[PDB]
Amino acid sequence: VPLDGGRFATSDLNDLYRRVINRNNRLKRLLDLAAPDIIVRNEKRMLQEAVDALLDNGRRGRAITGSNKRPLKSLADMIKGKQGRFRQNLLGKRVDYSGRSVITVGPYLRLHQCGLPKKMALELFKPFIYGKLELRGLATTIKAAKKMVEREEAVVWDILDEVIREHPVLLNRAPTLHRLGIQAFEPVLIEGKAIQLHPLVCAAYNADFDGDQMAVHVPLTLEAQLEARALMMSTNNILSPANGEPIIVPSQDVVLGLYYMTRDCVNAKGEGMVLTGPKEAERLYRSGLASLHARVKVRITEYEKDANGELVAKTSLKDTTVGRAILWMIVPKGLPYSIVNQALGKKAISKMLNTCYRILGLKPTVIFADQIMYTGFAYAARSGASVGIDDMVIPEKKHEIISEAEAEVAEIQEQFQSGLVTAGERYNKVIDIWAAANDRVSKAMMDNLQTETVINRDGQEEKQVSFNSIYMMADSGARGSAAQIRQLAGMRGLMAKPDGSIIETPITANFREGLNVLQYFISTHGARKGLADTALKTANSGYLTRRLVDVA
Amino acid sequence: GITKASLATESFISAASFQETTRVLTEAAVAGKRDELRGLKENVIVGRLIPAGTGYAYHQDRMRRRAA
Amino acid sequence: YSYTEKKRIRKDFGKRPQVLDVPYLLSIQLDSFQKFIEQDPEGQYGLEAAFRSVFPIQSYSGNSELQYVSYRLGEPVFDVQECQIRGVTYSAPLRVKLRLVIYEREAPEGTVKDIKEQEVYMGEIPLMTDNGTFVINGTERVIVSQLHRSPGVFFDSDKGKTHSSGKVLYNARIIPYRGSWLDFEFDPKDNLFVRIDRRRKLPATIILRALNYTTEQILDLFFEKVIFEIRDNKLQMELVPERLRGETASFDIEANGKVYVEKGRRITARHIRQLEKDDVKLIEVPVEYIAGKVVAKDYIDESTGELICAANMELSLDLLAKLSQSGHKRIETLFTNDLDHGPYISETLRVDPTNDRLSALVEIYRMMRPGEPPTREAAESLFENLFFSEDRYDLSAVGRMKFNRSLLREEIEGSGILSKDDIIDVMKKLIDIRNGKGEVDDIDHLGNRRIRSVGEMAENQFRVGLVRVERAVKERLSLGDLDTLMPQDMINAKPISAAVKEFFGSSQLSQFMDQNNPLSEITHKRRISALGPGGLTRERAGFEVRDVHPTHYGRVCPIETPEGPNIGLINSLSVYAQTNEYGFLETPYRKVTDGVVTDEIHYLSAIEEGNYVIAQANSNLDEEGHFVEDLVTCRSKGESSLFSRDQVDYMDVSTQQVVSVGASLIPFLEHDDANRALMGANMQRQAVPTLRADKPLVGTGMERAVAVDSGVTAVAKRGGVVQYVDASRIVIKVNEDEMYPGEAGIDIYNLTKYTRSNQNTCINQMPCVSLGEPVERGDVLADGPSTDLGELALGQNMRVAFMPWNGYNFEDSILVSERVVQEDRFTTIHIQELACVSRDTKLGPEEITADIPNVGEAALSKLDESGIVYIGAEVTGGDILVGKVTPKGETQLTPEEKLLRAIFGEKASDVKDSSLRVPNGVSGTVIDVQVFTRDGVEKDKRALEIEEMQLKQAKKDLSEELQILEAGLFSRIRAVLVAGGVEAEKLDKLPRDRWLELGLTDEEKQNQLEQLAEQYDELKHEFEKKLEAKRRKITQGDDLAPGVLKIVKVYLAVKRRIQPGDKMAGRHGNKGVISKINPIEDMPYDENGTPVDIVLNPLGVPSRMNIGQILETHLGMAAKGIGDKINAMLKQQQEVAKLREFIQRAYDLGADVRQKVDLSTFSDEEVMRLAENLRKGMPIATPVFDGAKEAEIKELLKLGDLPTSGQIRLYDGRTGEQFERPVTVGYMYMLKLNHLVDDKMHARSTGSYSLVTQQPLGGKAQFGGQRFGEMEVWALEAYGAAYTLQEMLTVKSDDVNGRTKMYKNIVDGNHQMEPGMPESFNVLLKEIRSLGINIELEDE
Ligand SMILES: [Mg+2]
C-alpha cells in the first residue's frame, strides 16, 4: 500500500512469496537446461529453505532477514504469539463507541452513577443523537444532524441529555484483574474532561486519583443495555465473587470520619445529658451545645425481624455518644443499635454493611453504603483531622533503649575480641539484641501514642484512647499500620543487604528525625528490591492468571 | 498442570489460541480434528454468544433444535 | 556577594562547610565529545585513533597503499538554529588528507613511484551544541551514556543451580572490547571445558593443544612433580613437607630417624613441622602407594625404543615393573591431592579425544564451522584469527588493564590480543578459585562496569564505517587502474556517512531530548543506561543487575531510576561523580592524614574505594580538622561500621555526594521514604513551566547550579554594565578590565522568545537585568523556562491545608481554590507545530489555495489570499489553517445522487478539500507560519511576504548589531583619545567616523587607536558579507522530500489553564489529580480570613512515609511568615534601619549554620531591593542530609509570629464554623506535570479501521478505539454478559457488514444487532490455509 509520502509499505509475506517464486522458476529453468545435478540439488535445497522460511521462518536454520537484519514474519508468525491473530485480534480487539479519560472523584455521586464529560458523551453517543435529531424534526437529514452536532447547537445538548438518560456505560480500568474491573454506571453529564468515579467502587477497580485513566464503552443493543443494568451495574456488585465479603466498602476518609464520629472523649462538652433521640443529638451537635464525643444517654428505637418477616420495635435509653446517635439516623431499620455503639473502624463498617446485606438485602444496602459515604466524608471534614510533625511522638526513652543495645553490642564485640564467641554466634547475638531493642522502641512508642490523652473528669485525671491523628488513622484502619508508625516515630530497624542478609547495624532513626546518608543508602537497598519485585511480578501473575483462565 | 491440561483439551481452537499454536495445529491437522465450539474461547474467536450467562439459553435451544 | 545573588539571598540552613564546588553538571557529554572530535597529536582518542586503526590500507599486492595524513572538520553549512528550522542535522564536513602512494614493481626497498596526496570528503560528523545535545533531523537529541560490562577476564560461578547437588561450578570469561568470547568452565565432574562464542563446549585441553603444548608441557604447566628417585630397592621418593598437608597416611614415615606417625593417623601440622625439624628429603615408600599415581612424562625404553608408559597414565605395579627392566633412575609423577591441588587438568586430558595440534585445530574447526570439511590451512587460520589477530580481536586498553589487574600482573599495558600466557593464567586462576585460593568476581561491582559515552560510541561507529570503506578501497587498489586515479575516486563517503547517521539518529541511546524543564534536560544528559547495543535487554535483565550495589555510593544515585520495567537499568549520575580515564566512575573524597581531615580531594574508583576506610560526611569535626569524636562511622569494604579516628583514610566530600541532581532538589529527602523519594525525583522532571516562574520558598541550594549549568539562561560571559536591555536582547558594555585589545567591548545576548520544546512546551527567555545595572561574569542575565532570577523554579508556592475536605481529596485527589485559577498560577503555554504538505500526486499537484469547495466564506475568514491563516489569528478546533485541495477524478455518481444533481444542476467538484485544520478541542493563536517551497515551484504571495519580512529582519538584526558594536568601538576610541593627547571638545567637533584619521603620539596610544580602526573596518566588512550570506540562505530553495512541492508549518500557542484531571505533584512523591476547583468562599480560612489555596489529604502522608512534605509545609509557613513580616514593613514604609535589623535577625537564625549574611555591608538601596525580593516569603535552602532541623523550623516560625506547632485554627468557608482540630497549613511547592487531561481525554463512536483486519485503529492521534483486550473479555464472561461481549467482538470492531447495519439501526432508533463473522476470523482461516492446512467451517 502507498504511504503518505509516496513510499510503499509491504508485508514480509510478499518478500517470502517472491523468493519462493524466484527459486521455483529458476528450478524450472535449470530442469529445462538439463543443468549438472550439483546445481539442481542446490536449487532444490534453496527452494526447500525458501518454502520453509515462508511457512515458518527460523525453525530450520537461521531466520531469513530482509533489508533490516530483522527476521521476516512468516505465515506461522502471523497466527501465533502475543501478537498473532488469536491473541491480538480474535481474543481481544479494539472497539468502537469507546473513550478514555483521567478519572477524578465525585463524592456526591450515587453508587449506580458515574460522571461522564459532555465532550466525551457527545462523541460516544453520536449516532443516537443523530437518530433523535432526525426523529424530533430538528434535522431533515443525517448530514444536517451531523452539522448540528459539529456546531454544538444548544439543542444537541438537550438531545444528548435524553439519549444518555437510562443508558448505562461500562467503565474499565486496566489491568482487568477480575470482573469488577468492568462495571456499568448511569452517566451524569459533567463539564470537565475527567471521568468522575464514585469513591466506593475504587477498591473494586484498584483505582486511585493520582493519574489513573479509565475506558468508557457504550452498550449499543437492548440486550447489552439490560446486561449492563442487570449483571454489571455497580449496585449489583457489592459482594466479592472471590469471597463473599463486601467489595464496595468504605475506606480512607469515610472510615476516618465514621471513626471520629463514633469515638468518645471523657469530659467532652455536653456530657451526661439525656436526649429524646438522634434528632436531638444532631440538633445539639449542630448548634454547638454538645460535642460529637460526649457520652450521653439517648432514647433509641431499634427494629428487629421476628420469626416472620415482620419488623418489631423496641425503645430504650442507650448509653451512647452524641456521634453514635447521629450516625444511627442513617442506619436501616432491621439492624441493632449495637452495630454503631462502638468506635467504627474499617472492619466494623465492613461488617455493618455485610450485616445489612444479609438481613435486609441489596436495596437497603446500597442506600446504606451511599449514606455511610456521605456521612463519613462530612464528618471527616468537620474533624479537621490534619497531620503535623508533633503528631509523630517519639518515645522519650528511645535514646536510652538504643544506648543500652549499644552497650550490649559493645560487650558482645569485646567478647568476640576475647574469643568467647565465634563470628557466627556473635553476629546472631548482635541481630537478636537489635531486634529486641527495636521491639522495645516500638512498644514504648505505641504506648506513648495510643493512650496519651490524659483528661480531667471532674478534676481527677484519667487515661483515654488517644485522639492523635497518626494514631487515629492507624487505629481506624483508614491508612497506616503499626509497622509504619514504627518507621515514623520509632526506629526503622534492621535492613537487609541485596543478598537478603541483615545488616548488623540498624537504622536507629525514624522519618521524623532524619536518616543520615548511610542509613538512607542501606534503606534504598531494599526499597529498590521491593520496587523491582512489583515491576517484575505483574508479568508472572498475568501469566498465571492466563494459564488458569485457559484451563478453566 | 494448568498448561498441559489446557493444551490437552478436546478443542483445537482454544488450545491453539492459548499457546504452542504450531504443535496444536499440527496434531489437529494430521488427526483430522473437529471443533464443536462448546467452550467460551471458541465462541469468542468466532463471534458468537458464549455458552455461559445470557447466551446459555441460546446454546441450549441451538442444541435441542439440532438434536431434534 | 554577586549582583545576581544579593538581589535575593536564599537563607541557608546547612551546617557543614562546602569543601568542593558542585562541578559542571554536563561535563560527561562535553568532555566525551571533545575527546572524539579534537585533534589528538597522539593516536589515543577519537577520530585520529579511528583513522590510524585502519590506515595505511595496503592491497593484496605491493604496488600501492592509501595512507592517512590529517583530518579536519569544516564549518557547518547551517548553524544550530537554522538546522532546527530547516529540519536538518547540525553537522560539520569531515575533510581527510589521504595520500595514495605507489611503489614500483621490483626493488628490495619498494620505493615510491609517486604520491598523489589530496583531501577527500568522508561524511559529515554531527556536532554537539554548547549544552551537550545534538540536532539530528531538526530535533535535539541526547546520546545517553552506557553502563556496560568492562572488557577483561571475569571469574564467576553458579551456586548449586546445576546438577541437583548444590555443587558450585566455576567459570572464567574473557570478554574483549571487540572479538570472540572465551569461556572456561567446570562440569559437575571437575573437568575443565573451553567454549568459544557460547558454542558447544570442548575440553579445555583442546585449546591448550591448539597452542603447541604437548601433554607433557601441559602437565608441567599445571602441576608439580612428585619424584620417585628409586635406588637399587626400597623405593626412595623425594618429598617437601607441605606436600603431605592433610595426607592420608598410606605408610609410616621413617627417615633420618624412625617413625613419626604410624598407620591409621592422618597428618596434621605438628607432623609436618617435626618432619621439617628433621629436615627430611628422601623417604622409603611401599609399592601399593605408587599404584594409582599419574606419571608426568613419556617414558620409553632404550632396548626397543617405543613407548613404555605415556604421560598422564595412572601408574601401577605393572608399569613400574616394566620401567624397572629398563632401569630408569628418576620417575616423575603429578602431585595431586584433594582440596589443595586438583587433578582437573589430567582428568580433562583423559576426556578429550585429541592427541596433537592438528587434531585440536580440527576439533575447534568442527565446533566453529560444522559441516565444513576442515583443511589444515583453514583449521590453522580460524584459530589464529579467533583471538590472536589484531584486526579481529581487541582486548582494549581498558580490557588489557582489567585483564592484567585480575591476574595480579604488574604492568597494565599490553597487546590487544590474547597470548599463550594470558590463556594459561586464566586457566590457572580458575583452577585456583576451584582449589579455594581465590574468590569469584562480583559482576555488578562498579569496578567491573564501565561508562561508554557519546564520544566513544561515535568513534566505534566511525571505525565501523571506516572498515566498510576499507574493504572497498582494498578491492579498488587490486585493480590495474592504478596510475591515473586520485584518492577521492576510491573513497565512498556514503557508507561512512551511513554509519554515523545510523548511530546518531537510530541508536537506542540516541534519545529524543527530554525538554520539559531545565531539570529534565540535565537529567537526560547525566543519564546512564545498561541497555543499548552491547548492553542488556530489559526483558532478560534479572533482579541482581537492577540492585543498588554498595559501589553505587557516590557514583550512581540509588533513588533516581524509573519505576517501570527498566528499573535499575536506567540510572542517574551522582552530583560529584566523574569518569576515569578508563571509563570507571569515581567519586571525590577528602584525605584524612593525621586525624586531620584535609581539604585535599582525591577521586577514588570503586576498586580503590574498597581498600580504604572512608568516614561519612555527617561526621563532626572541629576547627583544626580533627574529628570531635573518636569513634567514627565509616564504610571500609562495602560494609559499614564504627572505627577509631586514627583508622580513617578518607571522608565524604559532601552530604549530597550520594544522590543525583534530581534528588538533590528534594528538601527534607532524609525524612522521605525512598520509594516516594524515587517518585518525587521522577516527577520533578515532568513539571511544565508555568506563565510566571516562582522560586521555591523551601529549596536545597542546588537550584542555581541546575538553572545555570543547563543552557536555558543567558549567563554573562564577561562582566560589565547593562547598556541596553529589552525583552528580546541584552547589550552589555564590558568592563575595561575584561576587554581584549582591538575589540568593541560589547556583549550581545539574543534571547529565545516563545519557541517550542521537544514536548510542545514553551521555551521563552526573559531578562533579569534592568538598564544600567552592573553585571559580573557568570551572572544570570535572562531567565529560561522554569527559572526565577537564575534559580530553578519548577512549580508554584501554594498555601496547602492538610485535612479531608468532603471527599474531594479522597484517594490522592487535590482540591484547588478558584484563586489558583484566577491568578493563572498553573497556566502553561504549549506550542504546537502543524504541517500542511502539498505534494505531486498522479492526478496532478495539490494546491494551497483559499478557494475550497463545500466551505463557506465564514470558514475562509482568517485565510489570506494564499489560503494560509494570518499570524495572530485566534483559531479553534476545525478552523482551516492552510487551505489545500487535492485533484481527484472518476467520482462515479450513484444513480440517486446523479438524479439529485440533474434536478439542481450543481456540478461536482474536480478537487477535494484536503485542508489543514486545527485539531478538535485545541484553541490557540497562530504565532508563526513558515513556508518551505521546492525549487521550480513558484512562491505564492505569502511565501514572498514571509521572505521579504525575513530579509528585512536579517538586514535589521545585522545593522543593529553593527550599530551597537561600532558605538562600542567609538566609545573605546574616544576613551583612548582623551587618555593621551586629549581632544575632549575637539572630538565632538570632528565628524564621527574620521576620528580614525587622527594620528596620535604613540607611546602605546596610536597602536591601540589603529588596531581599533582595523577592528572597525573588519566589523563593517564582516557585517557586509554576513548580510549576503543571510540573503542567499533566505532566498534559496528548500531541499524537501521527493514529491513534496511545499510545506506550510503553522505554530499555535495554546494557554492551558488548570482544570479537574490535571496531575499535580510535590517534590516528595505526593502526586495527585485535581478533583474540584472550589470557589474562594468555600475554601477553609484562618482567623484573618485568608483562604487556603490547596487542600491535601492527610491520609496520604503516614502510609506513604514521605514526612518531608510535612516539614516542607512547616518550613514553608515559616519562610512565608518572614515575607509577610517584611511585606508589612514595606507597606508601613518603615525605616531601612528596621528592615535591616529584622532581615539580619532572619538571616542569623539557625544552629551553627555555615552561611553568614552581613547586611551592614549592604547599602540602603541594596537592602531595600533585597527586602522587596523577600516580601513574598524568604527563600530557604535545606541541603539534603544537611538540612534544617525541626527546632530551627520552630525557631523561624517563632520569629514570624506563627504557632511553632505548624497548625492553625481553620474555619469552614461554607458554614463559618471551626474545624474541630488544628490543621497543618503551610506552603508547599506544587508542580504541574505534563499529564494534562486535555491530552488524555479521547472518545470515538466510529472512525477509520485497519487494512488487514478491519478493527479500529490504535491511538487518539489516529482517532482510534480502546483495546478491549483478553482480560476484559474474561471480565464479561465472568458476568453473564454474552450480548455485550458479542457486540464488542462482532459489531463494534470487526464485523464489517454488521457494523454499518448497527449504525443505521442506531440512527433509526432500533437498538438491535445482526452480528456476522469477525473479519479477523476470515483472515485467520485464510492464513491457516496458506499453510498446507485445510481448515473449514462445517456448515451443517
Ligand atoms: Mg495511580
Side-chain angles (χ1 to χ4, degrees), chain A residues 100-107 114-115 171-178 180-183 192-216 247 251-253 478-480 527 530-535 537-538 541-542, chain C residues 561-565 567 672-673 675-687 804 807-816 1060-1076 1096-1106 1109 1230-1237 1239-1242 1266 1271:
Chain A
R100 176 180 201 82
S101 198
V102 186
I103 49 162
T104 58
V105 64
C114 67
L171 266 63
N172 175 49
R173 203 199 80 105
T176 312
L177 298 187
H178 63 322
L180 308 169
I182 314 192
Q183 282 161 72
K193 291 202 174 202
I195 304 157
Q196 281 183 355
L197 201 66
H198 197 262
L200 282 194
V201 308
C202 300
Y205 278 111
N206 197 43
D208 42 29
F209 313 105
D210 68 33
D212 297 6
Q213 283 164 79
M214 284 179 56
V216 196
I247 194 83
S251 60
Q252 301 199 19
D253 289 345
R479 289 303 277 276
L531 278 180
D533 295 340
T534 299
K537 88 185 154 193
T538 64
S541 63
Chain C
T561 195
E563 215 183 331
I567 170 160
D672 289 337
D673 191 55
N675 313 264
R676 287 286 165 174
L678 180 142
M679 300 184 207
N682 286 337
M683 289 175 329
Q684 260 188 301
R685 57 173 197 258
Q686 297 157 17
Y808 276 108
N809 51 8
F810 173 81
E811 202 80 50
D812 305 327
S813 297
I814 293 168
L815 178 87
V816 182
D1062 282 2
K1063 213 215 277 194
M1064 298 276 300
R1067 302 168 280 185
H1068 316 275
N1070 41 350
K1071 45 181 176 161
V1073 153
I1074 300 180
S1075 61
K1076 205 207 185 186
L1096 302 165
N1097 210 23
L1099 288 86
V1101 185
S1103 55
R1104 283 90 68 92
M1105 302 149 290
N1106 46 23
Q1109 74 173 294
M1230 303 292 287
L1231 319 169
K1232 187 206 190 169
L1233 311 191
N1234 211 2
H1235 308 90
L1236 282 75
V1237 77
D1239 305 343
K1240 313 294 209 184
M1241 186 198 83
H1242 177 229
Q1266 295 313 126
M1271 323 181 62

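In what follows, every chain begins at residue 1, and chains take the letters A, B, ... in the order their sequences are listed. Indexing begins at 1, ligand by ligand and atom by atom, following the structure's order.
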Checklist entry - Mind checking what makes side chain to side chain contact (heavy atoms under 4.5 Å, CB included) contact with A:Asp210, not counting sequence neighbours? => result A:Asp208, A:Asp212, C:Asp812, C:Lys1071

Checklist entry - Mind checking what makes side-chain hydrogen bond (donor to acceptor under 3.5 Å, both in side chains) contact with C:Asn675, not counting sequence neighbours? => result C:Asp673

Checklist entry - Would you say A:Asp253's side chain and C:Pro804's backbone share a donor-acceptor pair under 3.5 angstrom? => result no

Next on the checklist: Within this structure, what is the CG-CD distance for the pair A:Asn172 and A:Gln183, rounded to the nearest 0.5 Å?
Outcome noted: 10.0 Å

Next on the checklist: Ignoring hydrogens, what is the shortest heavy-atom contact between C:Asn1106 and C:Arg676? Give both atom names and the distance.
Outcome noted: ND2-CD, 3.6 Å

Next on the checklist: I'd like to check the ring pair (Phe, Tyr, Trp, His ring centres under 6.0 Å) partners of C:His1242; sequence neighbours left out, ordered by chain and number.
Outcome noted: C:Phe1263

Item to check | Protein N/O/S atoms closer than 2.8 Å to the Mg ion (ligand 1) | outcome: A:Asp208 OD1, A:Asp210 OD1, A:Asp212 OD1

